[PDB]
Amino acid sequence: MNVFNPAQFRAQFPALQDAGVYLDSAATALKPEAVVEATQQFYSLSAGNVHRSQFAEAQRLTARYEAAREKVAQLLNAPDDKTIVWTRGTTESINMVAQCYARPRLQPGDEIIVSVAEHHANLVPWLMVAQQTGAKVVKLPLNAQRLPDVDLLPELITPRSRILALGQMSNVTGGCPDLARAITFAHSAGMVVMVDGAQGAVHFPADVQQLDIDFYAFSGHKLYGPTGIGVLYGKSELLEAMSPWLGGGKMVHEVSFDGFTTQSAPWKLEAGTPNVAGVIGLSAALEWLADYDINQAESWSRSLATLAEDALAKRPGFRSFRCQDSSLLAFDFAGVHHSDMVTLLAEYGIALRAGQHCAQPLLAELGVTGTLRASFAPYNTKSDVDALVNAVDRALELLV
């Protein structure tokens, strides 16, 4: 095994000097030198067919761009790179499935099962499509272990069920429900599964073949990559059966005032000029990441979180929403405003957040108006834990 060195991984991130103690990676990730350099070069180099003094550099950029799809595929164990579609983020990917696959197939009375633990990105689009088609959203609630009650699916599925929307990993609790099982039920009922992987793709990238996943979406900026770039994975047949997304250049084959014909997947779904800087930066992020063993990287993150949780658990008033010893740590203290504490922690050099994390329904279930969340990454250290624990003590001293 190529043993994961936390220190060498951490030293690749230029923001860390000034970032203080960065524990807000679940919201957005810091960038490695590879991503910053590739972007730098892309914007410093002509995209044209001429290079008088930097041909070598340019040929390397083109190389990253052309191999970009392949690198996402490899990450997800997708059978071939044509099942990869560029979007602007996780949000767009899901909206694409709801509009391009679902909308043209939903009839009045049809049912869309959405889990109560979903990010809005994987709920709102279904509420929309349902009011457009007359279908409706059926709720999949949490079980006793704070996870989408997948075992309840058999009861929630009727002859009218068409779609299941489930997150691989919650952005609040960090919990991962029984996805493989969920898909088995869904498929035996002729349903398609939309899987939100914005969180899962960073920590336990889904093996989309073994899991038999229909649709999978994630954002690049959480995967140590550029903003404004996302991914939609879909089985061949599904992308083929999808209708065009946005109309415009690139996505069409022939056009006239009588009508148009389109390319096939994935170009069929990619209109206009691609976010080249996004693809290249993401390709570079992935190429870099591939040097590291993610399970070892994730185990280091989770271990830090477990140390923090245990330490915080000794302070009185502590409540945790953390599932499965996750790298994410949502929590709060009784009688203290999440707003005040985030503020003080920032003053102490600690960076995290609170609020609702775009998961109003999930929070409503847990019985809270919001939570503080500290997420850990492989570039966090042991001393980061101590600093956070001490920052929290300092804050509780003033607030309680």
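Basically, rigid core = biggest C-alpha set you can superpose within 1.5 Å across the two forms. Residue numbers here begin at 1 and follow the sequence given.
- Rigid core fits of the other structures in 5 other deposited structures of this protein place the C-alpha atoms of one stretch farther away on average; of 360 to 368 and 38 to 46, that stretch is 38 to 46.
- Taking the PDB entry as given, 251 to 259 carries the higher mean Cα B factor of the two stretches 251 to 259 and 87 to 95.
- Stretches compared: 154 to 162, 71 to 79. Higher mean C-alpha B-factor in the entry: 154 to 162.
- Highest C-alpha temperature factor among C358, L30, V36, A334 per the entry: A334.
- For the set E298, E270, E111, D325, the maximum C-alpha B-factor listed in the entry falls on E111.
- In this PDB entry, the Cα temperature factor of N143 sits in the middle third of its chain's modelled residues.
- In the deposited entry, the Cα temperature factor of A364 places it in the highest third of its chain's modelled residues.
- When the modelled residues of the chain are ordered by C-alpha B-factor, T381 sits in the middle third.
- For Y348, the recorded CA temperature factor ranks within the highest third of the chain's modelled residues.
- Ranked within its chain, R52 lands in the middle third, by CA B factor from the PDB record.
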